[PDB]
Structures are given as structure tokens and as C-alpha cells.
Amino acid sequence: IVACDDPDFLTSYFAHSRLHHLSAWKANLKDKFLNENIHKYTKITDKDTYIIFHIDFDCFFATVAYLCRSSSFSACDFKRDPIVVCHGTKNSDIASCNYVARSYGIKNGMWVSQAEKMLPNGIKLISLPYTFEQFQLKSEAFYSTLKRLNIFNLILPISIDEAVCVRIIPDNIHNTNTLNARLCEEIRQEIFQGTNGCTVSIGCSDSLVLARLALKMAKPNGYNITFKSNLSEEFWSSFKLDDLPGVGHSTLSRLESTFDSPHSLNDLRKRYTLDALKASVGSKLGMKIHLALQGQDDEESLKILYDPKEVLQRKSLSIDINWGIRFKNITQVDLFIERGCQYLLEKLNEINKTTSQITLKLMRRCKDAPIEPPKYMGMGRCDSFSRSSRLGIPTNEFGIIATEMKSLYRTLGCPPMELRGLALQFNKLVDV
């Protein structure tokens, strides 16, 4: 066990943290895109007619972890057994669950202890360990296959297991659903072959928002072609409110409050007005949802097609550690901040930037919260505090940055024993 005051803590935590991997992978894919396409000026204009193929692996970690499993799990069956990927056996996050598990209401992000409860008697949850190197290898095969096809004007990385692929259609070429369906079947077979048995699903549409919804409809192991002209009651009735991009749990609560708890997006489509939406969830998000219900992309969403090189540029850099934070005194907190700053500065130097503004943010145990929460080493319920500082001159100097971060910690007035998380942020980045 590597404690938070051990010099190896950050390394160990990031080696084990799947959410660290998700973010680091996305950042590296964006950086790859910027390097690979430096002499490929294949950005979309609003003149162009295009088709979107939104492609992602089915239950990615579970599939890959299953295919690469040890001989101890040789008889375990992906099509018949509920299978999850996680670290532990009780209050440990299910990173990915297969579609058998999902038939019982098990979801990604549920703790194993919750998921076990949802299975009937006679049915055992199979837990597999993370295989991070294999996740990366399968992703490499995925992106290689997409490039090798030589069919997309733009391949935009969304995650380790997910890409938005854009085909521009000339005016003189007539594109048909048959051609679109053949391409879906080609991609699916080629990825299945190239990854040695992982499945992908594909949503195919003439808008980003619809391609994403079509993808959800296609899962698992399928494809769906739904263009704006094909929108129907049956389609919209297949989706929950938080199936919309940008709508998570908090926005869902607001929409259920305002619109008398619509069961599906069809119910919301029947009941809403634009003015009422905007009042429920704000001007920008309201317009996004309204446009989404017509199968249309908001202007913010379209920027990634119109200028991907600008959109994928990194504008800030940070680390977040809100697990395993148990410090006894301020000396240890300071040493940890120093280690974090050292880490961040290596990243800042790799991208040849300086920073002109930094923030320290912390999580402090809520007054009424137990000293140790149900998840081992978890932050539990906390209040956040943050403070920022502008640096006179842009810098990458440890002496300046680490000293200011430590000073920021002191200003926030959190006793070390109550600290449950720290984030160190470089908010503004500057060239050379």
C-alpha cells in the first residue's frame, strides 16, 4: 500500500486510476490528431454536405478484459454471464459491464455491492481486473483501421474507444442508405477482425446529435442510420432524457421538475416550448436541447467540424487527486503539493508552454460527514474551496509555482486532517 505521503503515491494512483487513463488517453489522442493532420487541411465548411458515422466499442473495458482474461476465468462466458471490470469486491466502481449485466439494470459507475444485489438467486457477478495496456492496444487497432479505410475526410477522437468520422458528399455524387449501410458493415467487420473479436456500434446521420442518438439505439453490436428526414415518434420514444449530449443527472432533475417528469424524449418533445426550456436549464443548454429535438446541432458543437485544430488545442492543464487523501499535518500537505507541481511542470514543458495563472482547489469533509466514508479511501461528502493567482510574468519555474500553490492552500483555511482532495491547475497557457 502506497500512502498519500509516500513519494510514489501519484505514480501508483495514476497507474491504477481508470479516470486518469480516460483523460490522459483523450489528451494524447487530441495531440496525435494535431500532429497527424498538420498537412491535412480537411476541415468542414457550412457549404459542405456531410454524413457522420459515430463509432464506439460496446462495453469496452469488459469486452477487452474478457478477451484477454487469465485461465482461471476460461469457462466464463461473455454472452451468458454478467461480467464487470473493477478493482475491488464491495464499494468499488464498475468501470464497464457487459450487456448481460445490463439486462438486470446494472450500469457503469454502480458499485459492485449495489450490482450484486440486482442479480437473482443462482446468478453470480463475474469481476475481471483492468487490463490497461490491452485497452490501449485495441484502441490503436481501432484508430489504425479507421485511417486505413481511406474513406473519411475527418476522424475526430472522442475517447480511447470512440470516434466521430465525417464523410463529405460532393453535390454531383448521389449517396444512398445502401452505401451507408455497406460502409457500417465494412467498418464493423474490419474492427472486429483487427481487434481480434471486439465489437463496435455505429450511428450514422446528417447531424452530430442524431449520429450520437443513432449510436445508442444501435447498441450492442449494431448500426443505425437515422437522418433528420427519418425522425419519428418511435425513434424519440426510445431515449431517456439524459441520453441527450450535455444532459446529465442535474439537468435531468431540472427537466423532470419543469415538465412533469417526461419518461422519454418523445414526452419532452410533445410538452416543451423553447421559452420554458431556457427557463428550466438556461439559455444555452435550453437552445441546445431544442435544436437536439429537431435533430440539429448547436453552434458550439459544430466548431469541432469547422475548426478541429483550434478546438482540440489545449487551453489549461491540471491534476486532480480526490482519493487516498489522508494527511496528518501541513508539512506533508506541502510535500504533496510540491510533488504535484513537479509532475505538472514536466507536462507543461513537454507542450512547450508557460502558465500565467494557477488555481488550487480542495475538497474538505462536510461538517456532518463520517471521518471515513463507505468507499475505502474515498473523499466522501465534501465542500469544495478554490483560490487562484495571476503570475506577473508567464513562467514554468518550480520555485514560483510551488511556493504560490502552497500559499494558496494556506489561504483556504482547511485543517490537514479534514482535507479529502486537492486539484492543482494551470488555467492560462502561453507559448514558448
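Just count from 1 along the sequence shown to find any residue number. Superpose the two forms; the largest set of C-alphas matching within 1.5 Å is the rigid core.
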Item to check | Core-fitted comparison in 9 other deposited structures of this protein, 83-91 vs 117-125, farther C-alphas | outcome: 117-125
Checklist outcome for this item: Note: with structures superposed on the core, the stretch whose C-alphas sit farther off in 9 other deposited structures of this protein, 43-51 or 360-368, is 43-51
Next on the checklist: I need to verify one thing: averaged over C-alpha atoms only, is the B-factor higher for 357-365 or for 230-238?
Outcome noted: 230-238
Next on the checklist: Comparing average C-alpha B factors as deposited, tell me which of 68-76 and 203-211 sits higher.
Outcome noted: 68-76
Checklist entry - Whose CA atom has the top B-factor in the entry, of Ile158, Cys341, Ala279, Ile83? => result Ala279
Item to check | Out of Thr258, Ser96, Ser318, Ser144, residue topping the C-alpha B-factor column of the entry | outcome: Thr258
Item to check | Position of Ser384 among the chain's modelled residues by C-alpha B-factor, lowest, middle or highest third | outcome: highest
Item to check | Among modelled residues of the same chain, the CA temperature factor third for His87 | outcome: lowest
Checklist entry - What third of its chain's C-alpha B-factors does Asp6 belong to: lowest, middle or highest? => result middle
Checklist entry - For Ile44, does the deposited CA B-factor place it in the lowest, middle or highest third of the chain? => result highest
Checklist entry - Taking the entry's C-alpha B-factors for this chain, is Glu36 in the lowest, middle or highest third? => result highest
